[PDB]
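A quick write-up on the structure given underneath.
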Amino acid sequence: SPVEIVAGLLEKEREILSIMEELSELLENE
Amino acid sequence: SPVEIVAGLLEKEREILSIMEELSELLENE
Amino acid sequence: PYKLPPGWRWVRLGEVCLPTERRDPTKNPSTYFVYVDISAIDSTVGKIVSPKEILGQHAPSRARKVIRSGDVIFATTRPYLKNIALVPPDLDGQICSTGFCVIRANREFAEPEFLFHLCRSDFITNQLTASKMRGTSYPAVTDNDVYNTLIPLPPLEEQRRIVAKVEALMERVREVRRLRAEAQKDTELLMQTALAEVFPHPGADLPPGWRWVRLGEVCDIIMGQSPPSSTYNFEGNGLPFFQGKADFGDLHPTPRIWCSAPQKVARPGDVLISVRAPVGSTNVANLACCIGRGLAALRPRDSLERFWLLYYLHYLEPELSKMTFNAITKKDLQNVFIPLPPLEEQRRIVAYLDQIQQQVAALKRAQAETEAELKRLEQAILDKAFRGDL
Amino acid sequence: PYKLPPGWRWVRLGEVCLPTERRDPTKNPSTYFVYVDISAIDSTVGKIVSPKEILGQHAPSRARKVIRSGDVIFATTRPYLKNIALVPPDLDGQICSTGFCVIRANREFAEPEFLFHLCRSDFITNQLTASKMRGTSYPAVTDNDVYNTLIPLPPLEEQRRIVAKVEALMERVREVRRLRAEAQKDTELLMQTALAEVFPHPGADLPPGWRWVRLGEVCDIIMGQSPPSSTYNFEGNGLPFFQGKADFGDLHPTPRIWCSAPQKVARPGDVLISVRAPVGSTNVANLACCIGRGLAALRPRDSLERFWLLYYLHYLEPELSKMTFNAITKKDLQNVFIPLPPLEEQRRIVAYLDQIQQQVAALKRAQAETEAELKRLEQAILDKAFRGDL
Amino acid sequence: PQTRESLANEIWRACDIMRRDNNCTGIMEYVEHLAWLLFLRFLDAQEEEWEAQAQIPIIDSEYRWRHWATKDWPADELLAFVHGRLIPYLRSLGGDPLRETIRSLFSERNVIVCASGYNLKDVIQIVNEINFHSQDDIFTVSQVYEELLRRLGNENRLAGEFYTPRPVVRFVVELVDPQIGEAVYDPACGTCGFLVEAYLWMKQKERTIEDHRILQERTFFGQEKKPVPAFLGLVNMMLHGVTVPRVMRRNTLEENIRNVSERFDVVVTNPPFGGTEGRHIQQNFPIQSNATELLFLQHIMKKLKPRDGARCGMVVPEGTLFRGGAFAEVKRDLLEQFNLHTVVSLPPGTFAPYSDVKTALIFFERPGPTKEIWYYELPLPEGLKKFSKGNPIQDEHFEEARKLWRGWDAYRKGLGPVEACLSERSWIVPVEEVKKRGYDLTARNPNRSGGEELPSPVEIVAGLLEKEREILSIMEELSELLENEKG
Amino acid sequence: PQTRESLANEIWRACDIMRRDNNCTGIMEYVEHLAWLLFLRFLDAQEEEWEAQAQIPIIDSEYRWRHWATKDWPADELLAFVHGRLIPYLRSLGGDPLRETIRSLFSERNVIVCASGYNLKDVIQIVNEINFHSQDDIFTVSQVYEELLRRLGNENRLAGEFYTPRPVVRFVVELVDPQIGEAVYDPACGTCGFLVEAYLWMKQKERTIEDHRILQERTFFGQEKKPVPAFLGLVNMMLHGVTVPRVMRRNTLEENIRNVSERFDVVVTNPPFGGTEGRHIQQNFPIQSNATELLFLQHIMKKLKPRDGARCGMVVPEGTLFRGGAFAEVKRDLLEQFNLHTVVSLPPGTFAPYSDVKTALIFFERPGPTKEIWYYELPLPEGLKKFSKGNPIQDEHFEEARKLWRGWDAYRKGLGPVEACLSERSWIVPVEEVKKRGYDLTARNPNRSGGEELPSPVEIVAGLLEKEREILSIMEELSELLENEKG
DNA sequence: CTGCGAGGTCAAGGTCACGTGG
DNA sequence: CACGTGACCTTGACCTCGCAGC
Ligand SMILES: C[S@@+](CC[C@H](N)C(=O)[O-])C[C@H]1O[C@@H](n2cnc3c(N)ncnc32)[C@H](O)[C@@H]1O
Ligand SMILES: C[S@@+](CC[C@H](N)C(=O)[O-])C[C@H]1O[C@@H](n2cnc3c(N)ncnc32)[C@H](O)[C@@H]1O
């Protein structure tokens with residue numbers, strides 16, 4: 001499943017990224 | 001022995017009295 | 001709280017103290033130590049008179065507290081009994097019962113004997129009554145109350161060497177009471193010595209006109225018995241009831257209870273003697289009354305003066321009281337032997353002994369009052385001492 | 001300690017607290033209770049996840065503290081492990097191990113959740129390191145230090161409401177690391193998946209030119225043995241010595257010790273495989289060295305690429321590792337089966353797998369660093385929070 | 001009644017007339033002068049009632065108040081009459097015992113008469129302008145008389161010895177709660193005595209014909225030793241008043257206690273703090289001590305009737321409370337024979353200027369033996385160290401004492417909570433502990449500075465001295481008598 | 001030596017001549033202008049020595065410093081000569097030896113030359129009035145140059161990048177304690193480098209003839225990438241100075257660490273403070289990361305000789321200390337490969353104006369594995385929030401650091417008590433605890449205020465974002481590559 | 001093999017209650 | 001009887017050993 005895995009991994013990554021720009025969003029404020 | 005005893009008793013009494021006029025003696029002062 | 005002289009400061013007992021150690025002697029099982037417990041203290045003089053030396057192995061659970069020279073040990077169990085003591089150099093660094101509060105005076109602020117004499121006074125113990133229990137039924141207090149009760153601290157602090165004055169005073173004072181005690185003991189035998197002169201021991205020859213006689217001959221006896229308990233009443237029905245010596249006053253018995261149906265009655269002028277322990281006590285009877293089993297009533301016959309018999313019985317009292325358990329019998333009383341002078345001479349000697357007795361009574365009461373006021377004098381010494389009035 | 005915003009006050013933690021009860025459940029022997037101990041807390045999220053309900057009769061000696069809704073329980077035994085929890089309503093009024101320090105916030109001053117997040121922070125526990133001992137050797141502290149350690153408390157008493165704001169941040173934050181963990185887990189499987197394609201399962205037939213071959217055929221093996229201990233030296237005499245996997249680096253083994261009289265030597269480019277638990281780990285030899293019995297050295301004949309064999313062994317590693325105690329033998333290694341493509345194709349696939357591996361390594365390290373800085377981000381959240389900076 | 005204004009003023013005028021006069025030095029002389037005039041007028045009125053009962057001869061007609069007071073004298077002839085033919089005539093009374101009384105009252109020295117015959121005539125006319133057939137006018141004069149007695153109480157340090165503060169009286173009477181008819185006894189009634197207050201109370205309940213007679217005749221028995229308080233008091237009890245009350249000039253210690261006879265339902269009293277009596281009198285008591293107060297205590301103890309509910313309110317000094325010896329014995333007896341249900345510590349100077357001695361109110365009951373004792377310390381105003389001529393004791397302090405005592409009275413009979421009677425100034429002491437203390441009944445307030453305000457040592461050692469050489473005298477007597485009566 | 005005298009003062013004069021000039025904007029331009037003149041004079045002197053052993057021509061003869069500097073030029077003709085003929089002649093020598101080297105050093109941008117030919121002539125003659133055969137004068141010029149470099153360090157934020165505070169240097173060199181002869185290496189030597197301090201020190205122990213020639217020939221190996229610090233530094237090491245020092249314009253990261261074969265006893269260094277380099281360079285290292293500082297750390301780790309007592313003093317930022325991932329790995333290796341015996345936390349602004357980043361001095365040793373680490377936090381004066389251009393770091397703060405470190409050095413080999421090296425400012429951290437912290441070597445003071453002066457959270461989330469987008473780039477690269485190489 | 005924590009022992013007080021001498 | 005001493009109980013603190021993880 002090598003190729004499939006990277007995909008899902010990639011989705012997970014840009015999801016995480018989404019979460020942390022929500023983090024930056026709500027952290028200023030400042 | 002009745003008579004002797006009052007005697008001796010009397011001696012203890014004048015002794016006690018002496019002690020307590022020395023007590024008053026040193027109590028003023030005050 | 002108080003008003004105090006310029007030098008004096010009020011500080012909690014604790015503030016003046018050093019922290020104090022406690023150690024376990026069983027950690028040194030073969031090392032002996034001297035143990036001090038509340039029983040080892042003489043309450044009167046506030047000293048440790050009877051320590052006990054114990055092997056560290058056999059050490060009681062209580063023995064955890066270490067004492068040192070100048071320490072004041074203040075018992076926390078009933079501290080109105082004045083078990084308080086100043087620790088001698090001989091007892092330095094040593095263990096006692098945890099029921100003690102250890103007071104280590106730090107000599108910067110307090111010298112120990114002053115604190116001893118403070119604790120010895122009703123002052124601190126009354127602070128303890130103000131706090132804790134007032135009336136609340138428990139005999140003991142924690143160490144930290146005894147660390148929180150207010151006290152005056154007397155700096156300039158060789159001003160607390162006014163302790164010297166106190167001790168000077170006190171010893172002379174205590175000495176007085178010693179002598180007073182001796183006087184009191186001795187004064188009592190005066191009466192008996194007087195009696196010893198008037199009544200000859202048995203089998204001796206007697207002055208002319210006197211004769212030995214059995215009491216039963218010159219006296220008749222009503223033994224007395226206790227009625228059923230229904231008869232007893234406080235509503236004053238029938239006659240007063242006296243079961244035994246407990247009902248006696250020192251001359252006449254005080255009636256507190258009545259018997260609606262009396263069995264054996266004692267008229268006025270009968271002489272009452274206790275027939276059960278304590279045997280031999282006597283009171284005259286001043287009113288018609290009913291007598292219990294604990295009492296026997298002696299009615300003196302014509303040849304006899306009730307006071308002649310009475311004084312005789314006072315004379316005989318010490319081993320007229322023997323000590324299976326002791327009771328005395330009608331026959332026992334009838335066969336006791338009494339000297340019988342003529343009635344007139346009896347009344348004469350009765351008069352003489354009467355004024356002797358009133359004199360020694362007046363005497364008794366006087367020295368008793370002096371003693372009481374010596375206690376009060378002591379309390380006055382301490383109260384006056386702890387404010388600047390010497 | 002530091003600056004304060006206008007409202008906030010510095011208060012000792014204890015000053016904000018309520019007195020707290022302790023009771024003995026054996027006094028109610030047939031009454032069940034819920035018990036909470038340090039093992040019942042999840043260190044990561046600071047919750048009580050596993051209480052145990054016990055009959056009051058079977059209550060442990062430590063079971064004596066009553067928790068209540070909003071109480072913060074802070075373990076005093078090693079409180080750097082962050083066993084701290086906020087007591088839910090379900091656990092109100094209940095016993096938990098004495099190991100804990102019970103914090104009952106009086107709502108007049110402090111909201112409990114704020115105190116939870118304060119304790120959850122490295123703040124208070126660093127207070128605990130600063131006092132007590134710095135680096136002395138005892139794991140635990142008394143409850144009353146945890147009552148004396150300074151905290152900043154902010155009034156109102158909305159801000160404690162602010163923390164309510166912190167929860168938002170944290171939730172998102174924890175969620176991130178959740179994903180990161182999963183990512184990391186899965187990311188490593190990539191390598192094996194890639195390998196899964198290149199190496200066929202045994203007994204399948206292979207693309208043309210390839211052939212199955214016994215390792216012994218294309219590889220020759222030097223088993224290795226451990227010398228006497230006199231040979232060992234730090235003065236760099238003879239050759240470096242590697243006993244087992246413990247000496248392995250991530251690619252090449254770091255020599256820390258030498259053997260003055262080597263017995264079995266591994267020349268560079270030999271491939272080293274561990275032969276005892278953990279068995280099957282591989283590392284390559286970058287320098288001439290001596291090998292212990294814990295290692296076997298594989299040296300590849302032509303027709304075999306050291307990296308082809310290496311990647312193969314990496315593929316085989318999970319059940320190349322068996323689990324009586326684990327050891328592998330020369331015959332065992334010689335009779336393992338390996339796919340053998342032409343040498344050039346081997347080096348081609350080796351190149352390809354090499355760049356896959358460099359990419360996933362870079363990847364690994366990257367997300368590892370993100371994880372670490374997420375921890376740091378958390379600590380930054382709390383440090384910034386307990387000052388007026390949000 | 002109380003037609004104070006027209007009449008009261010005059011009496012006050014008469015007082016200022018005596019102030020002007022030389023031989024009336026002070027308020028003392030005012031009140032006794034007024035007393036003897038008022039008494040003569042009283043005697044005349046009573047005899048007139050007895051003319052009415054004669055229908056169905058205390059003094060010669062010439063010497064009745066009527067004939068000599070009504071006539072308008074030249075002043076000198078009046079003065080000459082009073083000193084020359086009147087007073088000696090009144091010492092001229094030999095007859096039935098009562099006249100012996102009249103003679104008795106005058107016979108003791110030196111009746112107060114104005115130096116100016118004019119002033120004397122004026123005072124006499126003010127007295128003669130009182131209507132004795134109006135109970136209104138009598139009420140007024142009684143009030144003025146009472147105020148005069150109070151002022152006399154404040155100004156004069158010797159009285160003092162025959163006076164007691166009315167707040168103390170009213171309080172004691174209130175706590176004792178006399179009913180009709182139980183006799184009321186003051187074995188030493190200085191002047192008036194508590195008897196007037198007891199009268200007024202028991203009277204506030206009469207409300208029937210039978211009762212009044214009981215009040216006027218059979219309910220007041222008490223006695224006085226010294227002539228001046230005896231007289232002033234007689235005048236006061238007739239003034240308030242009971243028509244002809246029974247109280248005797250006599251010694252209370254005259255009487256033997258074993259004989260007792262007597263006795264009474266109630267004793268409300270303030271016996272003397274008192275000093276020595278000694279000798280013959282001592283033999284009248286089972287316990288014999290020179291101290292007057294102790295003998296008075298014994299007398300009171302046996303003066304009470306045997307019935308349950310036999311009460312005594314009484315005033316005692318520190319001495320009777322803390323002293324041991326015979327006192328303890330008597331005190332022991334009290335506690336065993338009697339139930340002493342309360343003690344009120346009374347601050348120093350309550351009796352000033354007479355004493356400043358700390359005193360206590362002792363209310364002891366006689367159902368039975370004494371178990372628990374209620375102690376109430378009483379507050380001074382915190383401005384004052386002690387009560388004074390300037391600031392005397394008044395009814396209010398006792399008002400608080402009153403409310404707390406109501407609490408204790410409720411608890412004693414178990415009709416109320418203990419919490420009612422307790423306050424930091426109130427505490428309850430169990431009898432065991434007073435017996436451990438050698439019968440020291442002195443007030444020790446737990447919830448108070450430990451200081452017990454004891455007198456300085458020197459005074460203690462002084463009294464101790466005098467009674468120590470008293471002991472020596474006793475022993476001297478003992479050995480004199482023991483070799484005297486040798487055969 | 002010294003004799004700054006007239007000579008120092010002049011040089012200062014030249015500086016104000018350049019201050020007046022248009023083409024010298026700031027102290028930067030002063031120091032580089034002075035540098036290129038001084039360097040040419042130096043080259044001429046060295047060759048002249050080589051005439052002396054030629055007896056047993058880099059450029060000539062028109063272009064040697066002798067002929068053109070001695071001449072009295074019309075200003076315009078001088079300026080025209082330098083720009084028109086000389087710089088170009090230098091730009092193109094082409095001799096495979098150095099001579100290429102020389103161009104490399106005239107290779108780029110602006111050679112700083114005065115706008116006024118008059119000023120240029122003045123500065124040139126001030127420079128040629130220096131006697132290079134008197135090392136008193138060389139010493140003087142070295143001192144003035146050093147001060148110029150310090151002032152340059154304060155004024156210009158761009159250096160900054162190639163400068164390090166001399167107190168830091170002297171401290172690091174003092175603690176490392178170089179001896180003769182161990183090679184001394186700075187894998188990035190900004191300008192001068194620690195090499196001058198190392199020189200002067202090792203010189204203070206010089207002792208013998210054989211030694212001096214070791215110092216000037218065989219003991220200084222270090223290197224620099226960027227032209228301006230390379231040049232300024234070259235001038236500085238010949239100034240202090242070493243006759244012909246070995247340092248190369250090159251990249252240390254172009255080198256492949258795994259082949260190593262160059263090693264040194266000592267490394268005293270301050271590598272860059274950290275940005276990306278990437279790609280092809282990355283492959284030179286076993287651990288691969290874009291971060292320059294990490295690669296420099298690796299390079300240093302393998303640049304050390306295998307013998308025991310192999311030392312490195314080094315300057316690192318917060319980042320290298322608290323960052324995980326590859327850093328941790330390298331740090332792990334460090335701690336096991338090496339004994340890291342001290343860390344000195346250096347407060348923010350130490351390097352201002354270049355950066356205020358908090359830094360740490362890392363002295364790590366290489367007998368063996370790392371057991372315990374000595375931490376010394378360093379105090380700011382209580383007046384300042386941070387060190388500044390206005391108030392910079394100076395040798396004193398380090399006086400205290402020095403004394404305590406002497407203590408720690410004593411304890412480490414067990415020649416002294418631990419108590420010597422401890423102050424609330426100094427504490428000792430066990431290696432175990434840094435491994436539970438995920439290899440966070442940041443200073444945490446046990447006996448100190450809680451606040452750890454951590455960045456505002458957002459900055460954290462900002463960096464977190466940028467390297468997350470790096471992660472995305474990496475993954476699409478991954479899928480590009482596995483979809484590319486599909487058969 | 002090492003760090004964690006729950007069971008255990010231990011010390012400091014504090015309250016309870018039984019033996020016993022006056 | 002009521003006074004103390006031995007005992008039991010509680011709180012709070014330190015010891016360390018069975019146990020599961022690197
Ligand atoms: C203090 S007073 C009583 C006060 C009185 N209750 C009142 O209302 O003022 C004592 C009085 O008792 C009188 N007294 C003293 N000795 C006495 C005695 N042996 N018999 C009778 N009365 C006596 C005194 O004259 C004095 O007036
Ligand atoms: C902080 S400085 C070194 C300071 C120097 N030790 C001093 O204080 O004298 C960093 C220097 O390293 C140089 N440098 C940066 N990257 C480099 C590389 N890859 N190779 C060599 N030198 C480099 C930079 O030009 C900069 O001058």
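Following the order of the structure tokens, chains are lettered A, B, ..., residues in each are numbered from 1, and ligands are numbered from 1.
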- Kindly determine which residues of chain G lie within 12 Å of chain C, considering only C-alpha atoms (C1' of nucleotides), and give the answer as a list in words. residues 10, 11, 12, 13, 14, 15, 16 and 21 of chain G
Would you list the residues that come within 7 Å of ligand 2? Count only C-alpha atoms (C1' of nucleotides) and all ligand atoms and give the answer as a PDB file with N, CA and C atoms, in the first residue's frame.
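The resulting file, selection-v3.pdb, is shown below:
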```
ATOM      1  N   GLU F 161      27.051  39.331  11.996  1.00  0.00           N
ATOM      2  CA  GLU F 161      27.220  37.989  11.460  1.00  0.00           C
ATOM      3  C   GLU F 161      28.639  37.453  11.506  1.00  0.00           C
ATOM      4  N   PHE F 162      29.652  38.282  11.255  1.00  0.00           N
ATOM      5  CA  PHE F 162      31.033  37.800  11.387  1.00  0.00           C
ATOM      6  C   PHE F 162      31.813  38.209  12.646  1.00  0.00           C
ATOM      7  N   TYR F 163      31.158  38.846  13.611  1.00  0.00           N
ATOM      8  CA  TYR F 163      31.852  39.260  14.832  1.00  0.00           C
ATOM      9  C   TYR F 163      31.369  38.536  16.094  1.00  0.00           C
ATOM     10  N   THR F 164      32.274  38.385  17.057  1.00  0.00           N
ATOM     11  CA  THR F 164      31.947  37.830  18.370  1.00  0.00           C
ATOM     12  C   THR F 164      32.633  38.676  19.434  1.00  0.00           C
ATOM     13  N   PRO F 165      31.919  38.979  20.535  1.00  0.00           N
ATOM     14  CA  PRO F 165      32.476  39.772  21.634  1.00  0.00           C
ATOM     15  C   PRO F 165      33.746  39.173  22.206  1.00  0.00           C
ATOM     16  N   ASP F 186      38.755  26.661  13.905  1.00  0.00           N
ATOM     17  CA  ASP F 186      37.490  27.347  13.915  1.00  0.00           C
ATOM     18  C   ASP F 186      36.876  27.099  12.551  1.00  0.00           C
ATOM     19  N   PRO F 187      35.923  26.161  12.480  1.00  0.00           N
ATOM     20  CA  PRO F 187      35.394  25.706  11.189  1.00  0.00           C
ATOM     21  C   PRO F 187      34.623  26.814  10.501  1.00  0.00           C
ATOM     22  N   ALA F 188      34.142  27.766  11.282  1.00  0.00           N
ATOM     23  CA  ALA F 188      33.801  29.043  10.701  1.00  0.00           C
ATOM     24  C   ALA F 188      34.481  30.123  11.509  1.00  0.00           C
ATOM     25  N   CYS F 189      35.533  30.732  10.973  1.00  0.00           N
ATOM     26  CA  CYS F 189      36.159  31.806  11.724  1.00  0.00           C
ATOM     27  C   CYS F 189      35.732  33.126  11.125  1.00  0.00           C
ATOM     28  N   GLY F 190      34.820  33.795  11.812  1.00  0.00           N
ATOM     29  CA  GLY F 190      34.396  35.105  11.385  1.00  0.00           C
ATOM     30  C   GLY F 190      35.573  36.010  11.644  1.00  0.00           C
ATOM     31  N   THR F 191      36.000  36.718  10.606  1.00  0.00           N
ATOM     32  CA  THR F 191      37.135  37.630  10.692  1.00  0.00           C
ATOM     33  C   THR F 191      38.328  36.980  11.350  1.00  0.00           C
ATOM     34  N   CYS F 192      38.848  37.699  12.336  1.00  0.00           N
ATOM     35  CA  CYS F 192      39.894  37.234  13.221  1.00  0.00           C
ATOM     36  C   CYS F 192      39.700  35.806  13.677  1.00  0.00           C
ATOM     37  N   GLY F 193      38.619  35.581  14.413  1.00  0.00           N
ATOM     38  CA  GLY F 193      38.411  34.307  15.060  1.00  0.00           C
ATOM     39  C   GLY F 193      39.052  34.266  16.435  1.00  0.00           C
ATOM     40  N   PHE F 194      38.806  33.163  17.135  1.00  0.00           N
ATOM     41  CA  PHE F 194      39.378  32.934  18.448  1.00  0.00           C
ATOM     42  C   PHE F 194      40.867  32.660  18.303  1.00  0.00           C
ATOM     43  N   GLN F 223      38.917  28.012   9.275  1.00  0.00           N
ATOM     44  CA  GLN F 223      38.444  28.504   7.936  1.00  0.00           C
ATOM     45  C   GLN F 223      37.200  29.455   7.869  1.00  0.00           C
ATOM     46  N   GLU F 224      37.070  30.224   6.772  1.00  0.00           N
ATOM     47  CA  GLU F 224      35.943  31.177   6.525  1.00  0.00           C
ATOM     48  C   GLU F 224      35.313  31.200   5.106  1.00  0.00           C
ATOM     49  N   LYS F 225      33.976  31.222   5.021  1.00  0.00           N
ATOM     50  CA  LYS F 225      33.245  31.226   3.735  1.00  0.00           C
ATOM     51  C   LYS F 225      33.086  32.578   3.001  1.00  0.00           C
ATOM     52  N   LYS F 226      32.691  33.629   3.718  1.00  0.00           N
ATOM     53  CA  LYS F 226      32.340  34.905   3.078  1.00  0.00           C
ATOM     54  C   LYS F 226      33.546  35.845   2.954  1.00  0.00           C
ATOM     55  N   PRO F 229      34.635  39.022   5.867  1.00  0.00           N
ATOM     56  CA  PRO F 229      35.303  38.569   7.086  1.00  0.00           C
ATOM     57  C   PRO F 229      36.596  37.807   6.808  1.00  0.00           C
ATOM     58  N   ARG F 250      36.644  29.052   1.783  1.00  0.00           N
ATOM     59  CA  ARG F 250      36.074  27.800   1.327  1.00  0.00           C
ATOM     60  C   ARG F 250      34.788  27.581   2.095  1.00  0.00           C
ATOM     61  N   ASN F 251      34.078  26.511   1.782  1.00  0.00           N
ATOM     62  CA  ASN F 251      32.936  26.166   2.598  1.00  0.00           C
ATOM     63  C   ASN F 251      33.305  24.928   3.406  1.00  0.00           C
ATOM     64  N   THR F 252      33.069  24.950   4.710  1.00  0.00           N
ATOM     65  CA  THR F 252      33.393  23.779   5.506  1.00  0.00           C
ATOM     66  C   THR F 252      32.375  22.686   5.247  1.00  0.00           C
ATOM     67  N   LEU F 253      31.167  23.092   4.875  1.00  0.00           N
ATOM     68  CA  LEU F 253      30.101  22.135   4.642  1.00  0.00           C
ATOM     69  C   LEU F 253      30.144  21.464   3.262  1.00  0.00           C
ATOM     70  N   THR F 269      35.265  27.847  18.680  1.00  0.00           N
ATOM     71  CA  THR F 269      34.491  28.360  17.561  1.00  0.00           C
ATOM     72  C   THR F 269      33.139  28.980  17.898  1.00  0.00           C
ATOM     73  N   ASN F 270      32.620  29.741  16.936  1.00  0.00           N
ATOM     74  CA  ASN F 270      31.274  30.287  16.996  1.00  0.00           C
ATOM     75  C   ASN F 270      30.653  30.162  15.614  1.00  0.00           C
ATOM     76  N   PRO F 271      30.090  29.025  15.292  1.00  0.00           N
ATOM     77  CA  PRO F 271      29.533  28.846  13.970  1.00  0.00           C
ATOM     78  C   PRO F 271      28.372  29.762  13.765  1.00  0.00           C
ATOM     79  N   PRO F 272      27.841  29.775  12.471  1.00  0.00           N
ATOM     80  CA  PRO F 272      26.733  30.709  12.316  1.00  0.00           C
ATOM     81  C   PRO F 272      25.622  30.359  13.245  1.00  0.00           C
ATOM     82  N   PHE F 273      24.615  31.213  13.317  1.00  0.00           N
ATOM     83  CA  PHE F 273      23.586  31.101  14.322  1.00  0.00           C
ATOM     84  C   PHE F 273      22.349  30.480  13.791  1.00  0.00           C
TER      85      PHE F 273
END
```
Which residues in range 267-333 of chain D does DSSP call strand (DSSP E or B)? List them as a compact mmCIF listing (two decimals) with C-alpha atoms, in the first residue's frame.
```
# COMPACT_ATOMS: atom_id res chain seq x y z
CA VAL D 271 27.83 -6.38 7.01
CA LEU D 272 27.26 -6.92 10.64
CA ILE D 273 24.24 -8.70 11.85
CA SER D 274 23.48 -9.23 15.51
CA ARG D 276 21.52 -12.86 19.79
CA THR D 282 21.98 -4.96 11.25
CA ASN D 283 24.52 -2.27 11.01
CA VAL D 284 27.38 -1.92 8.55
CA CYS D 289 37.16 -4.18 14.02
CA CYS D 290 36.90 -7.29 16.18
CA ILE D 291 33.50 -8.93 16.77
CA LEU D 295 27.60 -10.43 16.61
CA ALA D 296 28.07 -12.32 13.40
CA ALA D 297 29.67 -10.66 10.41
CA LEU D 298 28.32 -11.12 6.93
CA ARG D 299 30.61 -10.61 4.02
CA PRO D 300 29.05 -10.54 0.64
CA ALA D 327 20.53 -17.28 19.14
```
- Message: Which residues are close to residue 226 in chain D, i.e. within 8 Å by only C-alpha atoms (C1' of nucleotides), leaving aside same-chain residues fewer than 5 positions away? Reply as a list in words.
- Response: residues 243, 263, 291, 292 and 293 of chain D
- Item | Nearby residues (only C-alpha atoms (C1' of nucleotides)) at most 8 Å from residue 5 in chain A, same-chain spacing under 4 positions excluded, as a VMD selection string | (chain A and resid 1 9) or (chain D and resid 186 190)
- Item | Within 6 Å of chain F: residues of chain D, using only C-alpha atoms, as a list in words |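 Going by the stated atoms only, the list reads residues 1, 130, 365, 368, 369, 372, 380 and 381 of chain D.
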What does the file look like for those residues with N, CA and C atoms, as a tab-separated table (two decimals), in the first residue's frame?
```tsv
chain	number	residue	atom	x	y	z
D	1	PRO	N	9.22	37.50	43.09
D	1	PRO	CA	9.37	36.48	42.04
D	1	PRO	C	9.42	37.06	40.64
D	130	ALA	N	13.05	23.94	43.75
D	130	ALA	CA	13.84	25.04	44.29
D	130	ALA	C	14.03	24.95	45.80
D	365	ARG	N	12.66	13.05	11.15
D	365	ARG	CA	13.29	14.08	11.93
D	365	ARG	C	12.43	15.35	12.00
D	368	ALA	N	9.40	14.81	14.25
D	368	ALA	CA	9.95	14.69	15.60
D	368	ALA	C	10.18	16.07	16.21
D	369	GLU	N	10.84	16.93	15.43
D	369	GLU	CA	11.08	18.30	15.87
D	369	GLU	C	9.76	19.06	16.10
D	372	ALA	N	8.38	17.91	19.46
D	372	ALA	CA	9.13	18.52	20.55
D	372	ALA	C	8.69	19.97	20.77
D	380	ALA	N	4.94	27.11	26.78
D	380	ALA	CA	4.84	28.53	26.45
D	380	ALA	C	3.43	29.05	26.71
D	381	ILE	N	2.43	28.23	26.41
D	381	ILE	CA	1.03	28.58	26.64
D	381	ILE	C	0.80	28.86	28.11
```
- Query: Nearest to ligand 1: which of E:268, E:152, E:17, E:297 is it, counting only C-alpha atoms and all ligand atoms?
  - Reply: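 Closest to ligand 1 of all the choices is E:268.
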